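One file, my_file_11.cif, carrying mmCIF, N, CA, C and O atoms:
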data_work
loop_
_atom_site.label_atom_id
_atom_site.label_comp_id
_atom_site.auth_asym_id
_atom_site.auth_seq_id
_atom_site.Cartn_x
_atom_site.Cartn_y
_atom_site.Cartn_z
N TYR A 167 15.97 22.83 9.29
CA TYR A 167 15.92 22.77 7.84
C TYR A 167 16.54 21.49 7.28
O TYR A 167 16.66 21.36 6.06
N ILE A 168 16.94 20.56 8.14
CA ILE A 168 17.50 19.28 7.71
C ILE A 168 16.65 18.17 8.31
O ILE A 168 16.46 18.12 9.53
N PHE A 169 16.14 17.29 7.46
CA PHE A 169 15.30 16.20 7.94
C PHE A 169 15.25 15.09 6.90
O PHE A 169 15.58 15.29 5.72
N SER A 170 14.84 13.91 7.35
CA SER A 170 14.55 12.78 6.49
C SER A 170 13.39 12.01 7.09
O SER A 170 13.17 12.05 8.31
N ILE A 171 12.66 11.29 6.25
CA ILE A 171 11.44 10.60 6.66
C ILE A 171 11.62 9.10 6.47
O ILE A 171 12.21 8.66 5.47
N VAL A 172 11.15 8.33 7.44
CA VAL A 172 11.15 6.87 7.38
C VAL A 172 9.73 6.39 7.64
O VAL A 172 9.06 6.88 8.56
N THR A 173 9.27 5.45 6.82
CA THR A 173 7.90 4.98 6.94
C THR A 173 7.82 3.52 6.52
O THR A 173 8.66 3.02 5.77
N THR A 174 6.79 2.85 7.03
CA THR A 174 6.42 1.51 6.61
C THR A 174 5.21 1.59 5.69
O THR A 174 4.76 2.68 5.31
N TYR A 175 4.66 0.43 5.33
CA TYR A 175 3.51 0.37 4.42
C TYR A 175 2.23 0.48 5.24
O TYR A 175 1.98 -0.34 6.13
N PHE A 176 1.43 1.50 4.94
CA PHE A 176 0.18 1.78 5.61
C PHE A 176 -0.72 2.52 4.63
O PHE A 176 -0.23 3.15 3.69
N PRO A 177 -2.04 2.45 4.82
CA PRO A 177 -2.95 3.07 3.84
C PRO A 177 -2.90 4.59 3.83
O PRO A 177 -3.73 5.25 4.46
N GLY A 178 -1.92 5.16 3.12
CA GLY A 178 -1.83 6.60 2.99
C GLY A 178 -0.43 7.19 3.04
O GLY A 178 -0.28 8.41 3.03
N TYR A 179 0.59 6.34 3.09
CA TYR A 179 1.96 6.84 3.12
C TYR A 179 2.33 7.54 1.81
O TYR A 179 3.04 8.56 1.83
N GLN A 180 1.86 7.01 0.68
CA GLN A 180 2.22 7.59 -0.62
C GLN A 180 1.70 9.01 -0.76
O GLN A 180 2.42 9.91 -1.21
N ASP A 181 0.44 9.24 -0.37
CA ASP A 181 -0.10 10.60 -0.42
C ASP A 181 0.61 11.51 0.58
O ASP A 181 0.81 12.70 0.31
N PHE A 182 1.01 10.96 1.73
CA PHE A 182 1.76 11.75 2.71
C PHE A 182 3.08 12.25 2.12
O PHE A 182 3.37 13.46 2.17
N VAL A 183 3.87 11.35 1.54
CA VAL A 183 5.16 11.76 0.98
C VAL A 183 4.95 12.66 -0.23
O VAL A 183 5.72 13.60 -0.45
N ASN A 184 3.91 12.40 -1.03
CA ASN A 184 3.65 13.25 -2.18
C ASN A 184 3.29 14.67 -1.74
O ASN A 184 3.76 15.64 -2.34
N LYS A 185 2.46 14.80 -0.70
CA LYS A 185 2.12 16.12 -0.18
C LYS A 185 3.35 16.83 0.37
O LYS A 185 3.54 18.02 0.13
N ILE A 186 4.19 16.11 1.11
CA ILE A 186 5.41 16.72 1.64
C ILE A 186 6.29 17.23 0.51
O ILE A 186 6.76 18.38 0.52
N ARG A 187 6.51 16.38 -0.50
CA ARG A 187 7.38 16.75 -1.62
C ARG A 187 6.80 17.93 -2.40
O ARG A 187 7.54 18.85 -2.78
N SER A 188 5.49 17.93 -2.64
CA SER A 188 4.87 19.01 -3.39
C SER A 188 4.91 20.32 -2.61
O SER A 188 5.12 21.39 -3.19
N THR A 189 4.71 20.26 -1.29
CA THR A 189 4.75 21.47 -0.49
C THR A 189 6.16 22.05 -0.42
O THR A 189 6.33 23.27 -0.49
N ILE A 190 7.19 21.19 -0.31
CA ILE A 190 8.56 21.69 -0.27
C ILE A 190 9.12 22.00 -1.65
O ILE A 190 10.20 22.60 -1.75
N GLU A 191 8.42 21.60 -2.72
CA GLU A 191 8.93 21.83 -4.07
C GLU A 191 9.03 23.32 -4.38
O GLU A 191 10.07 23.80 -4.85
N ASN A 192 7.96 24.06 -4.12
CA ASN A 192 7.90 25.50 -4.40
C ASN A 192 7.64 26.22 -3.08
O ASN A 192 6.51 26.24 -2.59
N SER A 193 8.69 26.81 -2.52
CA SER A 193 8.58 27.58 -1.30
C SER A 193 9.76 28.54 -1.24
O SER A 193 10.82 28.29 -1.83
N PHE A 194 9.57 29.63 -0.52
CA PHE A 194 10.61 30.64 -0.36
C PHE A 194 11.59 30.29 0.75
O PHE A 194 12.55 31.03 0.98
N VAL A 195 11.37 29.18 1.45
CA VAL A 195 12.25 28.71 2.52
C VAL A 195 13.17 27.64 1.95
O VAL A 195 12.78 26.88 1.06
N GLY A 196 14.39 27.57 2.47
CA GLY A 196 15.34 26.57 2.01
C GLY A 196 15.17 25.24 2.72
O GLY A 196 15.68 25.05 3.82
N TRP A 197 14.46 24.32 2.08
CA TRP A 197 14.24 22.98 2.60
C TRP A 197 15.27 22.03 1.98
O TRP A 197 15.36 21.93 0.76
N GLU A 198 16.03 21.35 2.83
CA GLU A 198 17.06 20.41 2.40
C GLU A 198 16.64 19.01 2.83
O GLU A 198 16.81 18.64 4.00
N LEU A 199 16.10 18.24 1.90
CA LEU A 199 15.68 16.87 2.15
C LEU A 199 16.79 15.92 1.72
O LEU A 199 17.29 16.02 0.59
N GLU A 200 17.16 15.00 2.60
CA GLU A 200 18.23 14.04 2.34
C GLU A 200 17.61 12.65 2.22
O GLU A 200 17.50 11.91 3.19
N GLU A 201 17.19 12.32 0.99
CA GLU A 201 16.69 10.99 0.63
C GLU A 201 15.39 10.64 1.35
O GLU A 201 15.01 11.27 2.34
N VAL A 202 14.68 9.63 0.83
CA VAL A 202 13.47 9.11 1.44
C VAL A 202 13.62 7.60 1.59
O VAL A 202 14.14 6.93 0.69
N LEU A 203 13.19 7.07 2.73
CA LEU A 203 13.32 5.66 3.03
C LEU A 203 11.94 5.01 3.07
O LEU A 203 10.97 5.61 3.54
N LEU A 204 11.86 3.78 2.56
CA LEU A 204 10.63 3.01 2.49
C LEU A 204 10.83 1.64 3.11
O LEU A 204 10.46 0.61 2.53
N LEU A 205 11.43 1.60 4.29
CA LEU A 205 11.76 0.34 4.94
C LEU A 205 10.50 -0.42 5.34
O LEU A 205 9.45 0.16 5.61
N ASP A 206 10.62 -1.75 5.36
CA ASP A 206 9.53 -2.63 5.76
C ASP A 206 10.09 -3.74 6.64
O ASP A 206 11.17 -4.28 6.36
N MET A 207 9.36 -4.09 7.70
CA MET A 207 9.74 -5.17 8.59
C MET A 207 8.97 -6.46 8.33
O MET A 207 9.02 -7.38 9.15
N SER A 208 8.25 -6.53 7.21
CA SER A 208 7.45 -7.72 6.91
C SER A 208 8.34 -8.95 6.72
O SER A 208 7.99 -10.04 7.19
N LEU A 209 9.47 -8.79 6.04
CA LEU A 209 10.34 -9.93 5.76
C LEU A 209 10.91 -10.51 7.04
O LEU A 209 11.37 -9.77 7.92
N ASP A 210 10.88 -11.83 7.15
CA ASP A 210 11.41 -12.52 8.31
C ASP A 210 12.94 -12.48 8.30
O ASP A 210 13.57 -12.67 7.26
N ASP A 211 13.52 -12.23 9.48
CA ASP A 211 14.96 -12.14 9.67
C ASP A 211 15.60 -11.07 8.79
O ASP A 211 16.77 -11.19 8.41
N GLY A 212 14.86 -10.02 8.46
CA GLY A 212 15.35 -8.91 7.68
C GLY A 212 15.85 -7.74 8.50
O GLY A 212 16.10 -6.67 7.93
N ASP A 213 16.01 -7.91 9.81
CA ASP A 213 16.44 -6.80 10.66
C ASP A 213 17.86 -6.35 10.34
O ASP A 213 18.22 -5.21 10.63
N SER A 214 18.67 -7.23 9.75
CA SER A 214 20.04 -6.85 9.40
C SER A 214 20.05 -5.77 8.33
O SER A 214 20.71 -4.73 8.48
N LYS A 215 19.31 -5.98 7.24
CA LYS A 215 19.23 -4.98 6.19
C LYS A 215 18.56 -3.70 6.69
O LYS A 215 18.94 -2.60 6.28
N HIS B 101 -19.78 -9.21 -6.91
CA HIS B 101 -18.70 -8.38 -6.37
C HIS B 101 -18.81 -8.18 -4.86
O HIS B 101 -17.82 -7.81 -4.23
N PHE B 102 -19.98 -8.43 -4.27
CA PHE B 102 -20.20 -8.04 -2.88
C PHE B 102 -19.55 -9.02 -1.91
O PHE B 102 -18.59 -8.67 -1.22
N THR B 103 -20.02 -10.27 -1.89
CA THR B 103 -19.71 -11.19 -0.79
C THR B 103 -18.22 -11.39 -0.51
O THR B 103 -17.87 -11.53 0.68
N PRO B 104 -17.32 -11.46 -1.50
CA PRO B 104 -15.90 -11.65 -1.15
C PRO B 104 -15.35 -10.58 -0.22
O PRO B 104 -14.46 -10.88 0.57
N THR B 105 -15.85 -9.34 -0.29
CA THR B 105 -15.38 -8.33 0.65
C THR B 105 -15.80 -8.64 2.09
O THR B 105 -14.93 -8.56 2.98
N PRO B 106 -17.06 -8.97 2.40
CA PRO B 106 -17.36 -9.46 3.76
C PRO B 106 -16.53 -10.67 4.16
O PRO B 106 -16.07 -10.74 5.31
N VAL B 107 -16.34 -11.62 3.25
CA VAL B 107 -15.58 -12.82 3.60
C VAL B 107 -14.15 -12.44 3.97
O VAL B 107 -13.61 -12.90 4.99
N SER B 108 -13.52 -11.59 3.16
CA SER B 108 -12.15 -11.18 3.41
C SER B 108 -12.04 -10.37 4.69
O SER B 108 -11.08 -10.55 5.45
N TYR B 109 -12.99 -9.48 4.96
CA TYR B 109 -12.94 -8.71 6.20
C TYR B 109 -13.08 -9.62 7.42
O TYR B 109 -12.31 -9.50 8.38
N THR B 110 -14.04 -10.54 7.38
CA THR B 110 -14.26 -11.44 8.51
C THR B 110 -13.04 -12.32 8.76
O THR B 110 -12.67 -12.55 9.91
N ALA B 111 -12.40 -12.80 7.69
CA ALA B 111 -11.21 -13.63 7.87
C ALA B 111 -10.02 -12.81 8.34
O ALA B 111 -9.31 -13.20 9.28
N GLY B 112 -9.78 -11.66 7.71
CA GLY B 112 -8.64 -10.83 8.02
C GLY B 112 -8.71 -10.13 9.36
O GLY B 112 -7.69 -9.60 9.81
N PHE B 113 -9.89 -10.08 9.98
CA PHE B 113 -9.94 -9.65 11.37
C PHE B 113 -8.98 -10.45 12.24
O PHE B 113 -8.30 -9.88 13.10
N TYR B 114 -8.89 -11.76 12.01
CA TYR B 114 -7.96 -12.62 12.73
C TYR B 114 -6.63 -12.79 12.01
O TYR B 114 -5.77 -13.53 12.49
N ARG B 115 -6.45 -12.12 10.87
CA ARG B 115 -5.19 -12.15 10.11
C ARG B 115 -4.83 -13.57 9.67
O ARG B 115 -3.73 -14.06 9.94
N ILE B 116 -5.77 -14.23 9.00
CA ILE B 116 -5.53 -15.56 8.45
C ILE B 116 -5.59 -15.48 6.93
O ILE B 116 -6.35 -14.67 6.38
N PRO B 117 -4.81 -16.30 6.21
CA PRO B 117 -4.81 -16.21 4.74
C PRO B 117 -6.10 -16.71 4.13
O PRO B 117 -6.81 -17.55 4.70
N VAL B 118 -6.42 -16.18 2.95
CA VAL B 118 -7.60 -16.56 2.19
C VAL B 118 -7.19 -16.81 0.75
O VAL B 118 -6.46 -16.01 0.16
N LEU B 119 -7.66 -17.92 0.18
CA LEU B 119 -7.39 -18.27 -1.21
C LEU B 119 -8.64 -17.97 -2.04
O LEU B 119 -9.70 -18.56 -1.81
N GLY B 120 -8.50 -17.07 -3.01
CA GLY B 120 -9.59 -16.72 -3.90
C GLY B 120 -9.50 -17.47 -5.21
O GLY B 120 -8.42 -17.66 -5.77
N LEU B 121 -10.66 -17.90 -5.71
CA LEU B 121 -10.71 -18.78 -6.88
C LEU B 121 -11.43 -18.14 -8.06
O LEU B 121 -10.85 -18.04 -9.15
N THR B 122 -12.68 -17.70 -7.89
CA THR B 122 -13.53 -17.31 -9.01
C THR B 122 -13.84 -15.82 -9.01
O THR B 122 -14.95 -15.41 -9.36
N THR B 123 -12.87 -14.99 -8.62
CA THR B 123 -13.00 -13.54 -8.73
C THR B 123 -11.68 -12.96 -9.22
O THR B 123 -10.60 -13.43 -8.84
N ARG B 124 -11.77 -11.94 -10.08
CA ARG B 124 -10.57 -11.29 -10.60
C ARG B 124 -10.73 -9.78 -10.70
O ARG B 124 -9.99 -9.14 -11.46
N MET B 125 -11.66 -9.19 -9.96
CA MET B 125 -11.82 -7.74 -9.99
C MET B 125 -10.63 -7.07 -9.32
O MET B 125 -9.99 -7.64 -8.42
N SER B 126 -10.32 -5.85 -9.76
CA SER B 126 -9.11 -5.17 -9.33
C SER B 126 -9.25 -4.46 -7.99
O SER B 126 -8.28 -3.85 -7.53
N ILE B 127 -10.42 -4.53 -7.35
CA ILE B 127 -10.58 -3.90 -6.05
C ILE B 127 -9.73 -4.62 -5.00
O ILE B 127 -9.18 -3.99 -4.09
N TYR B 128 -9.61 -5.94 -5.11
CA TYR B 128 -8.77 -6.72 -4.21
C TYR B 128 -7.31 -6.77 -4.65
O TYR B 128 -6.51 -7.43 -3.99
N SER B 129 -6.96 -6.11 -5.75
CA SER B 129 -5.57 -6.12 -6.21
C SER B 129 -4.64 -5.41 -5.23
O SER B 129 -3.44 -5.69 -5.22
N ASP B 130 -5.17 -4.50 -4.41
CA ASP B 130 -4.35 -3.78 -3.46
C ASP B 130 -3.83 -4.72 -2.37
O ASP B 130 -4.47 -5.70 -2.01
N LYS B 131 -2.64 -4.40 -1.86
CA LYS B 131 -2.01 -5.17 -0.80
C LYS B 131 -2.15 -4.52 0.58
O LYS B 131 -1.64 -5.08 1.56
N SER B 132 -2.82 -3.38 0.67
CA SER B 132 -2.92 -2.63 1.92
C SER B 132 -4.34 -2.56 2.47
O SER B 132 -4.56 -2.83 3.65
N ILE B 133 -5.31 -2.18 1.63
CA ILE B 133 -6.69 -2.04 2.11
C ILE B 133 -7.24 -3.40 2.54
O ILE B 133 -8.02 -3.49 3.50
N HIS B 134 -6.85 -4.47 1.86
CA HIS B 134 -7.23 -5.83 2.23
C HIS B 134 -5.99 -6.54 2.75
O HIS B 134 -5.00 -6.69 2.02
N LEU B 135 -6.05 -6.99 4.00
CA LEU B 135 -4.85 -7.49 4.67
C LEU B 135 -4.34 -8.77 4.02
O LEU B 135 -3.15 -8.90 3.72
N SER B 136 -5.23 -9.74 3.81
CA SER B 136 -4.83 -11.02 3.24
C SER B 136 -5.85 -11.46 2.20
O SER B 136 -7.06 -11.48 2.48
N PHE B 137 -5.36 -11.82 1.02
CA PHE B 137 -6.18 -12.36 -0.06
C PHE B 137 -5.25 -12.85 -1.15
O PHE B 137 -4.21 -12.24 -1.41
N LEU B 138 -5.62 -13.96 -1.80
CA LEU B 138 -4.81 -14.56 -2.84
C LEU B 138 -5.66 -14.80 -4.08
O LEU B 138 -6.88 -14.92 -4.01
N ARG B 139 -4.98 -14.86 -5.23
CA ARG B 139 -5.63 -15.06 -6.52
C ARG B 139 -5.03 -16.26 -7.23
O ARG B 139 -3.81 -16.46 -7.22
N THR B 140 -5.89 -17.07 -7.87
CA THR B 140 -5.45 -18.16 -8.73
C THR B 140 -5.56 -17.82 -10.21
O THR B 140 -5.04 -18.57 -11.04
N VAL B 141 -6.21 -16.71 -10.55
CA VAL B 141 -6.38 -16.28 -11.94
C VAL B 141 -5.88 -14.85 -12.04
O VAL B 141 -5.91 -14.12 -11.03
N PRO B 142 -5.42 -14.39 -13.20
CA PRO B 142 -5.00 -13.00 -13.32
C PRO B 142 -6.19 -12.07 -13.18
O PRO B 142 -7.32 -12.42 -13.55
N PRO B 143 -5.99 -10.88 -12.63
CA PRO B 143 -7.10 -9.94 -12.47
C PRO B 143 -7.62 -9.46 -13.81
O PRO B 143 -6.93 -9.47 -14.83
N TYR B 144 -8.89 -9.04 -13.80
CA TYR B 144 -9.55 -8.59 -15.02
C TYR B 144 -8.79 -7.47 -15.71
O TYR B 144 -8.81 -7.38 -16.95
N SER B 145 -8.13 -6.61 -14.95
CA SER B 145 -7.36 -5.52 -15.53
C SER B 145 -5.99 -5.95 -16.03
O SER B 145 -5.33 -5.18 -16.73
N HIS B 146 -5.54 -7.16 -15.68
CA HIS B 146 -4.20 -7.60 -16.05
C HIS B 146 -4.06 -7.90 -17.54
O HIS B 146 -2.93 -8.05 -18.02
N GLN B 147 -5.17 -7.97 -18.29
CA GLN B 147 -5.08 -8.29 -19.71
C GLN B 147 -4.65 -7.07 -20.51
O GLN B 147 -5.32 -6.67 -21.46
N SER B 148 -3.51 -6.49 -20.14
CA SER B 148 -2.92 -5.37 -20.86
C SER B 148 -1.60 -5.74 -21.53
O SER B 148 -1.15 -5.02 -22.43
N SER B 149 -0.97 -6.84 -21.11
CA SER B 149 0.25 -7.31 -21.75
C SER B 149 -0.02 -7.96 -23.10
O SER B 149 0.85 -7.94 -23.98
N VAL B 150 -1.21 -8.55 -23.27
CA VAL B 150 -1.55 -9.17 -24.55
C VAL B 150 -1.64 -8.11 -25.64
O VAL B 150 -1.25 -8.34 -26.79
#

Write-out of the structure in structure tokens:
Amino acid sequence: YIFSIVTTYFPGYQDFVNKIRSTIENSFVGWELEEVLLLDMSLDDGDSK
Amino acid sequence: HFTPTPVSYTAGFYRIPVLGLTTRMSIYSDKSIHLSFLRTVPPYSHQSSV
């Protein structure tokens, strides 16, 4: 019941996260989501951040 | 509206940049469906700030 999602930019990530959020929004199960990450490796020398 | 999409697909197969000059349709405004494409003029839909 504890999870977090990490994703890069790809054709369909937004609908994926929207579906996840909408499905967990109204449910009889206790879903505990701890933030969402939208990291990208496109930037050069950005591995530190 | 047609030919720039074949041109962009053929170029982006090899992942090389493309500079666009005389098109401003919003289909190429996306940064994901089309890998590489550039604009020198604002897109046709951008005239909303005026």

| request: Go through the shown structure with the PyMOL selection byres ((chain A) within 8 of (chain B)) and write out the matching residues as an NGL selection string. | output: :A and (175-178)

| message | Translate the PyMOL selection byres ((chain B and resi 101-113) around 8) into a concrete residue list for this structure, as number ranges by chain. | response | B: 114-118, 125, 133-137

| query | Where does DSSP see strand (DSSP E or B) in segment 168-214 of chain A, if you list the residues as a PyMOL selection string? | reply | chain A and resi 168-172+198-203

| query | Per DSSP on the backbone, what are the helix (DSSP H, G or I) residues of chain B, as a list in words? | reply |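 DSSP on the backbone gives helix (DSSP H, G or I) at residues 104, 105, 106, 107, 108, 109, 110, 111, 112, 126, 127, 128, 129, 144, 145 and 146 of chain B.
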
| query | Contacts of residue 168 of chain A at 9 Å or less, counting only C-alpha atoms, minus same-chain residues fewer than 4 places along, as a PyMOL selection string? | reply | chain A and resi 197-200
